[PDB]
Amino acid sequence: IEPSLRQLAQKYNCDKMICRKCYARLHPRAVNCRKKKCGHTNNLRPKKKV
Amino acid sequence: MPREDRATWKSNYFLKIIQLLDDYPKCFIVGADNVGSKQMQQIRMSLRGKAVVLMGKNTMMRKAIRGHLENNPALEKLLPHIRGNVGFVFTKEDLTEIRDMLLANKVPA
Amino acid sequence: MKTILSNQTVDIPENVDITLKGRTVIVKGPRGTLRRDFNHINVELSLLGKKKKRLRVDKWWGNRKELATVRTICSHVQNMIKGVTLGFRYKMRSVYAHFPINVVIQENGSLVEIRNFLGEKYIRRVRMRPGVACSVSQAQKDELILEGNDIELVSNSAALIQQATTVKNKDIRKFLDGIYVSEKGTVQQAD
Amino acid sequence: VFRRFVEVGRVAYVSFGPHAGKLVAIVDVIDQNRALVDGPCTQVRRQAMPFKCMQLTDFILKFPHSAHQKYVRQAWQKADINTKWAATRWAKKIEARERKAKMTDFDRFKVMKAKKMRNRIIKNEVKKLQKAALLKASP
Amino acid sequence: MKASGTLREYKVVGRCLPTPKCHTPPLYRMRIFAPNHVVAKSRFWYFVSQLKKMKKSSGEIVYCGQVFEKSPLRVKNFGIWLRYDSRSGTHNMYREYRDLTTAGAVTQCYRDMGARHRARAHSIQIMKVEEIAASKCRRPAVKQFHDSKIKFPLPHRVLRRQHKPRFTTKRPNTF
RNA sequence: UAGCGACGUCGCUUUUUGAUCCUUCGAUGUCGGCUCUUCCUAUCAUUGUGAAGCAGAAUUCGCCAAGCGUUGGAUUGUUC
RNA sequence: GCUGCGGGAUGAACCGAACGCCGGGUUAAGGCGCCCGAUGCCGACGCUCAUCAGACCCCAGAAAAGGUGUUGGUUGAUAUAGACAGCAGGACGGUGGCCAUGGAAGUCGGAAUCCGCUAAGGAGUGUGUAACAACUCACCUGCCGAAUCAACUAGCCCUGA
Ligand SMILES: [Mg+2]
Ligand SMILES: [Mg+2]
Ligand SMILES: [Mg+2]
Ligand SMILES: [Mg+2]
Ligand SMILES: [Mg+2]
Ligand SMILES: [Mg+2]
Ligand SMILES: [Mg+2]
Ligand SMILES: [Mg+2]
Ligand SMILES: [Mg+2]
Ligand SMILES: [Mg+2]
Ligand SMILES: [Mg+2]
Ligand SMILES: [Mg+2]
Ligand SMILES: [Mg+2]
Ligand SMILES: [Mg+2]
Ligand SMILES: [Mg+2]
Ligand SMILES: [Mg+2]
Ligand SMILES: [Mg+2]
Ligand SMILES: [Mg+2]
């Protein structure tokens, strides 16, 4: 299962920030949902671990 | 941090550098890559007796001795100065024996 | 606030020889030649220096968005100069669970054919870009190396691979399976 | 590209406005859209005019930044802008356009007779030369 | 005010009428930016009624004069203190303009406050106009124009819509 | 703040009911059902997706989305 | 109502203006891409891009709230004694200090907490070995080159719709 490769796959699919209003996956450092459908809010939450 | 505060923040290093300014001929230009372990005491303890080793930010020391010089010379330790982690044991002792003891006497010795 | 003449400084090394006919940039080097079309950007391009090859990218007036634009030309010319000297190399370790993933190169380095992909029966035939080669690397478990000149084409190929390997209707915090980009680098090392 | 950009002390032509046909020299730029211009010898008094008003040309001077009428006149006379201005094809074009506007009927009559004579000579010699080109390419 | 055309600077002095309770009132002075002297005389009463116990029937306007520009051929730097009044509430503002004369600077101020903040000629009171020296202009536009050896071309300059006939076989070579 | 959310608070809708009497009292045939066509989306299912206190399954909440479906019966005249 | 006329496309009530029939001239309210008469001005200054733009009293549909979309503005805090992020160095010692002996040698938990060396180290923010350990953060120094950071406010536009 190779935990370094697990770190790589979790880097590509786990540690993202999810916006509470637009529900889009963004980036681990991002502050704002880039979508027009909510309008660039600063309302986020981290993506849930197992 | 309000300039001097007469406390130990900014112009106490700019009291020590400029008040340990009238006791020496020969800043020595000791520089080490890392001192995180007991290398700090390896700098001071072996060179005690005449134990000095004082220099803060080289960014602090750009216009510092220029504006508070009044010593004419020893500003020929100019732009060869800033670069590199330099510790400055400014001394008053005999000849090159100081550098000779440091030519290795802290990191492997 | 309608600024004036922002200018970016692009050094050019000794091996590559640049030649522009307008906003169309044509660069020659050891590893093939290259060109792009910067027509829609409206920025002064000029080069100066007898065999020193300094390039300046200059935009007058503008807006804040266009002062943001004037750095992007500099960065793309930097990436083209890195590519035409060295070339770009993407190293991808395939991360597989209880099922293996078989990856073959079907024809001439272009076509990539992915199989067995969590036990799916569907053979996944993916067509890469023109101007980029792909090889299963040696001395490493299921590492896949893509080599090319244009970084947009090479990384679009890598994106096509990692979006070909995408898990449907499951958790994607479990089932961490796919072919992902692990390392970005140059063709010739130590440079 | 952009061979001619404005500067402190670059001469300029005034196309549309109250000063059509008169050179000015640019003293300094006020803010992006107008500038202070001045003419010592071309009879135009120191004032601020827009940039889309003025038409740029290629002669420069050497001014101090925001100098007086005196130093503008000194550099003007020492650079000899007027004679060198009349000795370019641009002013020849302007002169020809003014003469064509200031023609009369007898002038147009002479223009048409000279025009017919020239175009007949052109037609004959062009036909002879292209016939000779055919005879040259015939072997 | 309607701020029509170009502005003019008036120096206007005036006082209250002499009563037996007070001979010789202090005879105040203001600096009014107005399209003409009539709007100057009205705007003078508008400011002086806010500042002191004065109104138009109570006193008199003694002198009303045009202020000719002290240095017209110079390119000056002006600081304006604005008291515009927005939809929500009033504010304070310090703007800078690089321009020839004081009247032109205040005209640029009215036009720019009409353009940016949608403040009409109602809500704008001009507190103080100060010719400020170079290198103390706070604003980055006037700061970037503070340079000698200034170079810029005129890029993409297009003009003369239909000064030709509406039909031609030329397609214009802008620059 | 996955899903909900009191104490408060700002709206939208005319598919509930109410208020008004502006139109017709020298008449606009009044409930419900049968049949039949089209439209809306504030999506129940299907296509493509994102999030879960989503291991799988089964669910729940969102988004683009009205193309195509949304039945057979006992009762009551029923809408329900 | 009892009233036409010029604008608001369309109208009872709006905005100008009230009527005999006509020729010339001027304007009002409004307007000047083309319907449709007039900007076919070498008009002046800025703002805003909308994947549902916006476009004129009455007026014929929109708010609370939010935006590192941009544009101003206010109040503070840093920057020549070099910030700001970026690359490079470290991140101790008296001291395996102390509660424990389930670990704890700063890393689940508890009280606390001083000093020295200095360039600065928090009797240690955390990563991770169940724990020992590399490692980072706080804090510090080099290369760097001139503005940067934090709140708050209102115009347009967007979400809310
Ligand atoms: Mg499932
Ligand atoms: Mg009725
Ligand atoms: Mg009724
Ligand atoms: Mg009837
Ligand atoms: Mg009937
Ligand atoms: Mg009927
Ligand atoms: Mg249908
Ligand atoms: Mg009646
Ligand atoms: Mg009456
Ligand atoms: Mg009437
Ligand atoms: Mg009408
Ligand atoms: Mg209407
Ligand atoms: Mg009608
Ligand atoms: Mg008439
Ligand atoms: Mg009118
Ligand atoms: Mg017309
Ligand atoms: Mg905003
Ligand atoms: Mg809207």
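Determined via electron microscopy, 3.4 Å.
Positions of Cβ are set from backbone N, Cα and C atoms, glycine also.
Sequence annotations record features per position, and here Swiss-Prot assigns SUMO2 cross-link to E:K11 (among others) based on a large-scale study or a structure entry. Sequence-distant neighbours of E:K11 (SUMO2 cross-link) (same chain, 6+ residues apart, CB-CB distance under 8 A): E:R29, E:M30, E:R31, E:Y63, E:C64, E:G65, E:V67. Reduced to three states, the DSSP call for E:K11 (SUMO2 cross-link) is strand.
Positions annotated as phosphotyrosine by Swiss-Prot, on the basis of a large-scale study or a structure entry: E:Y63. The Cβ of E:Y63 (phosphotyrosine) has 11 other Cβ atoms within 10 Å, all protein chains considered. Mapped onto three states, the DSSP output places E:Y63 (phosphotyrosine) in strand.
Cβ neighbour count for E:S71 (phosphoserine): 11 (other Cβ atoms within 10 Å of its Cβ, all protein chains included). The phosphoserine annotation in Swiss-Prot covers E:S71 (among others).
Secondary structure from DSSP puts E:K76 (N6-succinyllysine) in a beta strand. The feature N6-succinyllysine is assigned by Swiss-Prot to E:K76, with similarity to another entry given as support.
With a 10 A radius on its CB, E:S123 (phosphoserine) counts 17 other CB atoms from all the protein chains. Residues or ranges marked as phosphoserine in Swiss-Prot (evidence: similarity to another entry): E:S123 (among others).
In the three-state DSSP classification, E:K128 (SUMO2 cross-link) falls within a strand. Non-local neighbourhood of E:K128 (SUMO2 cross-link): E:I80, E:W81, each in the same chain, at least six residues away, with C-beta under 8 Å from its C-beta. The SUMO2 cross-link feature in Swiss-Prot is assigned to E:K128 (among others); the stated evidence is a large-scale study or a structure entry.
The secondary structure of E:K170 (SUMO2 cross-link), as reduced to three states from DSSP, is coil rather than helix or strand. What Swiss-Prot lists as SUMO2 cross-link is E:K170 (among others), and the listing cites a large-scale study or a structure entry.
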Residue among recorded positions E:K76, E:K170 with least C-beta crowding, 10 angstrom cut-off: E:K170
Alpha-carbon distance [E:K76 (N6-succinyllysine); E:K170 (SUMO2 cross-link)] in Å: 43
Cα-to-Cα gap, E:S71 (phosphoserine) vs E:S123 (phosphoserine), nearest whole Å: 30
E:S123 (phosphoserine) versus E:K76 (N6-succinyllysine) - Cα distance in angstrom: 26
